[PDB]
Amino acid sequence: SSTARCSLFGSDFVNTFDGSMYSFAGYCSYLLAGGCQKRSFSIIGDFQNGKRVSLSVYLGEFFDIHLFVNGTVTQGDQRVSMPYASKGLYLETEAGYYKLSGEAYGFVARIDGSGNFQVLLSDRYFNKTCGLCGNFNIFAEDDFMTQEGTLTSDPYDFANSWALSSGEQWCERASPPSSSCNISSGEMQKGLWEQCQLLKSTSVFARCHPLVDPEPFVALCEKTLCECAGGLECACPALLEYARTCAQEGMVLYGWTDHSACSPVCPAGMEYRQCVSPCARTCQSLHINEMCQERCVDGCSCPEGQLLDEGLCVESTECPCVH
Amino acid sequence: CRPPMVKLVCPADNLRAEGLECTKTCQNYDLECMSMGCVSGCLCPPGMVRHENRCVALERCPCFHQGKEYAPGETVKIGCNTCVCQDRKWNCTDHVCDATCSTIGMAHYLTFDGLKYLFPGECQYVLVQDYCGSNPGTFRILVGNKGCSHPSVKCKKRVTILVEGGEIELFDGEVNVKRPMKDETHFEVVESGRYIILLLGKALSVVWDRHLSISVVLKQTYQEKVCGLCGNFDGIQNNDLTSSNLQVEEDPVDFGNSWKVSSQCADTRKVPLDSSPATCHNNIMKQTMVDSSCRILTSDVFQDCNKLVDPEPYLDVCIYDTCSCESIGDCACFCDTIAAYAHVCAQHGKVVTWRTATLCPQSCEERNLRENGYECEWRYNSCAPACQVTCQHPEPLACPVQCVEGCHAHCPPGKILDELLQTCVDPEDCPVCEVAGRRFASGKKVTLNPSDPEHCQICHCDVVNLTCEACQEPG
Amino acid sequence: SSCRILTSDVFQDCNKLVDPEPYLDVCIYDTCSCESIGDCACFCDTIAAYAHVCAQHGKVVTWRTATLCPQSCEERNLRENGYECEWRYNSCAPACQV
Amino acid sequence: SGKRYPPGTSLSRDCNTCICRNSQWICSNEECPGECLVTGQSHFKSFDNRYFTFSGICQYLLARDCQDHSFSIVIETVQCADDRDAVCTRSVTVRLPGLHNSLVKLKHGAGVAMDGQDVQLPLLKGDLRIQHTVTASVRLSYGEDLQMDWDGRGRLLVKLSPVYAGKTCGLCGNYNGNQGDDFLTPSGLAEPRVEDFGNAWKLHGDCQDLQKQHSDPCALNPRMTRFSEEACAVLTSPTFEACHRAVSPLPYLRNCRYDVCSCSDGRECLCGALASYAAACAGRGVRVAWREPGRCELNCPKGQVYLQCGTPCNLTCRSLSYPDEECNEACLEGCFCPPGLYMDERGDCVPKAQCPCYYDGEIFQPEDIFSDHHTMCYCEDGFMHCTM
Ligand SMILES: *[C@@H]1O[C@H](CO)[C@@H](O)[C@H](O)[C@H]1NC(C)=O
Ligand SMILES: *[C@@H]1O[C@H](CO)[C@@H](O)[C@H](O)[C@H]1NC(C)=O
Ligand SMILES: *[C@@H]1O[C@H](CO)[C@@H](O)[C@H](O)[C@H]1NC(C)=O
Ligand SMILES: *[C@@H]1O[C@H](CO)[C@@H](O)[C@H](O)[C@H]1NC(C)=O
Ligand SMILES: *[C@@H]1O[C@H](CO)[C@@H](O)[C@H](O)[C@H]1NC(C)=O
Ligand SMILES: *[C@@H]1O[C@H](CO)[C@@H](O)[C@H](O)[C@H]1NC(C)=O
Ligand SMILES: [Ca+2]
Ligand SMILES: [Ca+2]
Ligand SMILES: [Ca+2]
């Protein structure tokens, strides 16, 4: 393994380093990962109202980056362009997805097109980090070590413990939102319950069951098939997180988006591949092979030809020059 | 509940039902406790107390210090004072120990009684003197800095000391006499390691690292008879800022300007108080790189000493100096602040080896290469004795410093060092003297017995000569 | 003035064969930006580079003293229980030996 | 302090005088009253003016009389935020062996209890008086050698007079004039570490022993390094220029940066730390105006108003019913209303014609004619004009 994975997917949902799911409609900034004895870094997640806005990384007390979902990035208050490489951190874009690599410090953070956050973290932090993504032992029953040092059962008085205020933010406690699904239901639920069920039935998902259970994944989707409207794409966030999990555990799974009827969003020209290499030969790259022997990565990339040139796809014949 | 203790219940007789709540153990036996009632638990008998889950049958339970257990009769050494626990409390001596000034870095001073303060100056200042109030007085030690309001590769210190009509001063890594003093017997110099140790009497001494650190050492003899930037040596720490005009100041920068020697030089300015001195001000990264390098004071090799000596004072100096100091080729405004703490650690018995090849190297190979053949006797030491025997000073001396850093010579026994020749040599080749048989120094150029003219049998010795001059009759 | 050591008395033999002005531009650039605290290395490595070039043109140079870039070598003799004393710092010694 | 003074002047260091003669000051050396201070999260000042921070969670002994046993003060600490470095004082208990061996408990809401029973103030028992204060605080006063202040939100003070010099022991120290022996533990021996010192004065064994006293809680919340550094730079600014000369700022600057980075609401930790310094300056004599709409101007109620320096002598409606009592107070800060208006039971400051009388414990109304077979009385204007 050698690494871990936390994920903050869908609306309000979280997946810890050890396989614990829980919703959290936060209203302010919260700690995701970082040492609990000595912090060389701290990954932080800012919300506006329930919905998420930014991922932040502070290095002790001297340096700060704030990548948003809208695309903007800022070192402190000054907005900066992208890419960016300062202080051992490479803020780049891999496979259409923004990346913040800190391999010196031992982490990789990326946000996708739908806004879902993700944090990969080294084994040099096993039982050595605690936060909203919990600790990194193997056990999932103890992912709620509060900041006071105590266990918990409510996900909120746990996650409210990790709130990190600022001079400008000054944030309050968060509560479970009202459930308007017990009243709003009927023929929708009977038909919409199906999309959560295929995680079990369909052959493509029917072989990660020894790797990970869909039981907590079907549980979290069914409570979100009730508020939305006009489609069946409300179940696919849970479905995508299941794929990304099984891949990290060492079983990549192909072609599950052909019939699922939920394409993950990506910009013009590129479509969602699964297992593309991060070092896609672009138009102004050196033909330097057998060096990018990194793990295969999920994401979107250009067609078979149609190389990349400044955030679009263009045929190789129209490759420009630079001076 | 278990046999070794007896159960308790709340009596309705009295509100004072002190039980399981006020559970008397060792460290809270003498102390006072609240109680709103009992917990109706099972508590030890009246004749014993809890300890580490064991209801230790006697009131002989340990006598803690530094979070460590001491059975009765065990002893500890704090300073020059042994101390022992008789019943349940430590029982220390009352021998007052020897005190020590210090110039930790460029602009900081540690008093005798123990008080770090910030005073950057560029004039000449009184560091310590006995000419204070109603005392007749014997000595007057001064310190003169130049270009040292801002710690940097500037700030060379000059030190003049006035004792017995003498004037021996020092700068540029050397000692220079300007007026020899009368009682030359007490004068004594010891050039051992990185240091010039310098003895001046039964109760006075100076220790200088040839660059910045001034550590004058005094004894019980004075005991509220001195004053200056180092204070008065009375045990009280709150009165070390009593100025020349006989009042205490709240601000150290107004204290030191009271002790300048020339009234017409500049008063150093009140700096506005900031944690980020000069160059750490706007650059928060260089304020973090300096800390993490200065957090070596709280490191694995110092953990033994961090228990005896607080590193937080010496950490404040490590940040102040090398923020202001721009180090290019001589990383010395950092390595000298850490050698100071290690010197203090060694005086409390904790020898320390903190110095490697990529951090403050301190080579010593030059004192072996000047010889045509590389004889290889000089070696750097963590902390070696400063008081040893040589061709010059063969006798044992008053040793105010147990050990010191630096390049120490070593060759097998039966061979004695000289400083004129970098190498060592057998004893008989030293220019040592023994006139009429008795053991004394290496023919010290001293007039022995001016006291009794009739018994005046004067005998000097230049290098080896078995000589005796005649005493000029007063008649 | 610290980087004017490149134009100093011990380098005069090499200043005739190799211009020091390039290596002086690097000595100013590096240790201006570099904040040196405990490891004076962003200065001592720029001067060891010029001395290495000087030695390749036959001009061996001894510029290194105890208060300027010391470079001790006593650790490779102390790890032995007895201080056998065979390792010594050398201005410029053969890299190709047996 | 870098200021010229002519010969024959007479300065005062708030306890002692100093007269200039022949360029030297002749100074008196009488002993001075002590002040041990608890404030902030876990920031302490000894009687002999040693400053330290000890974040322990237990019931600690703060001050005791240690040759006789005229009193003992015990302090109860708790973790006061999500951060582990935030440890505030919740309550303080007091023991008077001279009076029934009574046990007073000052509570977190500025309340007070004596042996369990909550009490309506004032409480003029024989020796001890407990009354409220201009700031909704509480002041205990046993005799004339012991004062205290509020442990509502955790700012206990204690005034001890010179008759207790060198005969007290606890976290506050010996009160002997020396700062160096203030880490003196109950075994008659001084410890160099603050962690080991405080863990020796705990009263309970179930409690934990603090292994580590930190100094930079901004490392665990790195989002507050900018606010903490910029918000208490006002303390080293020229807004407080008049008492940098009277009391050193740099510890109060060190306590602010620990509190704002550690506590839940740094609105009040910021404006409780700056008020800690202002109260120290005022204790010397320097009154300061550091309040602003931004820097925490408190909102006095409808009738009342902020007042930098007042007098608690003629304000309350109880003072008119008790004129022959004296007001040996100082010029205090707080919330008053203009002088013609006097406070009431329900905190409404009204004229002296609607001022009740607080005679014989009871309270009467502005024109209650009471009478008996051996006296007659009438409450006219706050004073009850009794006769026989
Ligand atoms: C959304 O993107 C815009 C683009 O400039 C940026 O100004 C903004 O701050 C982003 N949203 C939030 C909540 O910051
Ligand atoms: C995790 O660290 C804690 C704190 O030291 C320790 O008590 C515990 O045993 C560790 N757990 C594992 C799985 O190593
Ligand atoms: C301590 O030692 C002294 C030594 O004279 C002795 O007289 C005394 O009784 C002992 N007890 C204490 C704790 O004073
Ligand atoms: C340093 O000196 C001590 C005491 O003489 C000795 O035991 C130790 O081996 C020496 N080490 C070095 C580095 O010379
Ligand atoms: C020893 O002293 C005598 C004086 O009697 C003198 O003549 C002789 O030169 C001296 N010897 C040396 C070696 O100085
Ligand atoms: C190493 O230095 C010495 C002295 O400069 C020199 O004699 C020797 O030739 C150098 N190295 C070798 C072995 O060539
Ligand atoms: Ca876990
Ligand atoms: Ca003193
Ligand atoms: Ca004391």
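Derivation of every value follows stated rules applied to the coordinates shown; laboratory data play no part. Counting neighbours? That spans all protein chains shown, and the Cβs are built from the backbone with ideal geometry, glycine included.
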Along region D:175-186, what does the Karplus equation 6.51 cos²θ - 1.76 cosθ + 1.60 (θ = phi - 60°) give for ³J(HN,Hα), rounded to whole Hz, x for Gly and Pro?
-> 6, 10, x, 9, 6, x, 9, 8, 8, 9, 8, x
One computes Rg over Rh for chain A from alpha-carbon atoms, with the Kirkwood Rh, and obtains 0.96
If the chain between A:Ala85 and A:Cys275 were fully stretched, how many nm would it gain, using 0.36 nm times the residue separation less the Cα-Cα distance?
-> 65.8 nm
Grab the other residues whose beta carbon is less than 10 angstrom from that of D:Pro366, score K and R as +1, D and E as -1, and report the net.
-> -3
Using Cα-only point scatterers and the Debye equation, what is log10 of I(q)/I(0) for region D:328-388 at each q in 0.18, 0.30 Å⁻¹, rounded to two decimals?
-> -0.71, -1.22
Relative to the longest principal axis of chain D, what angle (0 to 90°, nearest 10) does the C-alpha long axis of helix D:266-284 take?
-> 80
Expressed as a rounded percentage, what relative contact order does chain D have, with Cα pairs under 8 Å and six or more residues apart?
-> 11
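Could you work out the percent of alpha carbon pairs in region D:155-311 separated by over 25 Å, rounded to a whole number?
48
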For chain C, alpha-carbon Rg over 2.2 N^0.38 Å = 1.24
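Just to verify a number: FRET efficiency for B:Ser134 and B:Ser299, C-beta to C-beta distance, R0 = 35 Å, to 0.05?
0.10
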Whole-Hz couplings from phi, Karplus 6.51/-1.76/1.60, listed for region B:181-186; x for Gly and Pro = 8, 5, 7, 5, 4, 6
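Helix-only mean residue ellipticity at 222 nm, chain A, DSSP H runs n ≥ 4 weighted -39,500 (n - 2.57), per residue, nearest 500. What is it?
Helix contribution divided over all residues of chain A: -3000 deg cm²/dmol.
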Residue-averaged [θ]222 nm for chain C, counting only DSSP H segments that reach four residues, each worth -39500 (n - 2.57) | -9500 deg cm²/dmol
In Å, what is the Rg of the alpha-carbon atoms in region A:189-277, and how long is Dmax?
-> 13.3, 40
Write down Rg/Rh for region D:97-187, rounded to two decimals, with Rg from the C-alpha atoms and Rh from the Kirkwood relation over Cα pairs.
-> 1.01
Can you give the average number of partner chain beta-carbon atoms within 10 Å of each beta-carbon in peptide B:322-329, as a whole number?
-> 6
Where Cα atoms sit under 21 Å apart: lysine pairs in chain A separated by 8 or more or lying on different chains = 8
A:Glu94's amide H: which non-local residues (gap 5+, or another chain) put their own amide H closer than 5 Å, with H modeled 1.01 Å from N in plane and none for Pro or chain starts?
-> A:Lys99
Taking B:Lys154, B:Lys260 and counting other beta carbon atoms within 10 angstrom, the fewest-first order is B:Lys154, B:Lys260
Averaged over residues of D:291-299, the number of beta carbons from other chains lying within 10 Å of each residue's Cβ is 0
When Cβ neighbours within 10 Å are restricted to other protein chains, what is their mean count per residue of peptide A:139-150?
-> 1
Quotient of Cα Rg and 2.2 N^0.38 Å for region A:19-140, N being how many residues it contains = 1.02
Determine ³J(HN,Hα), in whole Hz, for all residues of region B:225-242 in sequence, where each value follows from phi through the Karplus function 6.51 cos²θ - 1.76 cosθ + 1.60 and θ = phi - 60°; x replaces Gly and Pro.
-> 10, 10, 6, x, 5, 7, x, 10, 6, 10, x, 7, 8, 7, 10, 7, 9, 5
Top of D:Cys269, D:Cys355, D:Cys36 by mean-square fluctuation, Gaussian network on chain D, Cα under 10 Å = D:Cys355
Region D:130-212: relative contact order in percent, alpha carbon pairs under 8 Å with at least 6 residues between | 13
Using every Cα-Cα pair within the protein assembly as shown, state what percent have a distance larger than 40 Å.
-> 64
When ranked by the protection proxy of mean other Cβ atoms within 10 Å per residue, highest first, what sequence do the peptides B:160-170, B:445-455, D:112-122, D:221-231 form?
-> D:221-231, B:160-170, D:112-122, B:445-455
Once both labels are modelled 7 Å past Cα along the beta-carbon direction, what's the C:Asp19-B:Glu174 spacing in nm?
-> 4.2
Write out the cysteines belonging to chain D for which the nearest other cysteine Cβ is not under 4.7 Å, or none if no such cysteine exists.
-> D:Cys20
Residues other than D:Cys261 with Cβ under 9 Å of its Cβ, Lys/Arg counted +1 and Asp/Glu -1, net out at -3
Evaluate the Kirkwood expression for the hydrodynamic radius of chain D, namely the inverse of the mean inverse distance over all pairs of different C-alpha atoms, and round to one decimal in Å.
-> 23.4
Just list whichever of D:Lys105/D:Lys212; B:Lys116/B:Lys270; B:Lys146/B:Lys260; B:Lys202/B:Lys415; B:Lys24/B:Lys89; B:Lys260/D:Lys3 have alpha carbons separated by over 19 Å in the model shown.
-> D:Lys105/D:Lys212; B:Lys202/B:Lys415
How long is the gain from B:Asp183 to B:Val248 if the chain were fully straight, where each residue apart is worth 0.36 nm and the alpha carbon distance is subtracted?
-> 19.7 nm
Calculate, for A:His209 and A:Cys283, the FRET efficiency according to 1/(1 + (r/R0)^6) with r their C-beta to C-beta distance and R0 45 Å; round to the nearest 0.05.
-> 0.55
Round to the nearest 10 and give me the degree value, 0 to 90, for the angle of helix B:312-324's Cα axis relative to the longest principal axis of chain B.
-> 50
So for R0 = 30 Å, FRET eff. of B:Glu167-B:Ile458 from the Cβ-Cβ r, to 0.05, ends up at 0.65
Lone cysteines in chain C, going by a 4.7 Å Cβ-Cβ cut-off?
-> C:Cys32, C:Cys73, C:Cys92, C:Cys96
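Need one number: convex hull volume per residue for chain B, Cα atoms only, in Å³.
For chain B, the hull spanned by Cα atoms encloses 265 Å³ per residue.
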For the pair B:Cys399 and A:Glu318, how long in nm is the line joining their label points, each one 7 Å along Cα→Cβ?
-> 8.8
Residues with amide H under 5 Å of A:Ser40's amide H, sequence separation 5 or more or different chain, H placed in the peptide plane at 1.01 Å from N; which?
-> A:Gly35
For region B:329-470, what is the relative contact order in percent, using Cα pairs closer than 8 Å and at least 6 residues apart in sequence?
-> 15
Scaled to the compact-protein estimate 2.2 N^0.38 Å, what is the alpha-carbon radius of gyration of region B:232-290, rounded to two decimal places?
-> 1.56
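If the only charges are +1 at each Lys and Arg Cβ and -1 at each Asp and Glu Cβ, what is the size of the charge dipole of region B:43-86 around the Cα centre, to the nearest 20 debye?
40
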Using 7 Å Cα-to-Cβ label points, what is the D:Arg193/D:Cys300 separation (nm, one decimal)?
-> 5.0
Roughly how tilted is helix D:250-260, in degrees to the nearest 10 and between 0 and 90, from the longest Cα axis of chain D?
-> 80
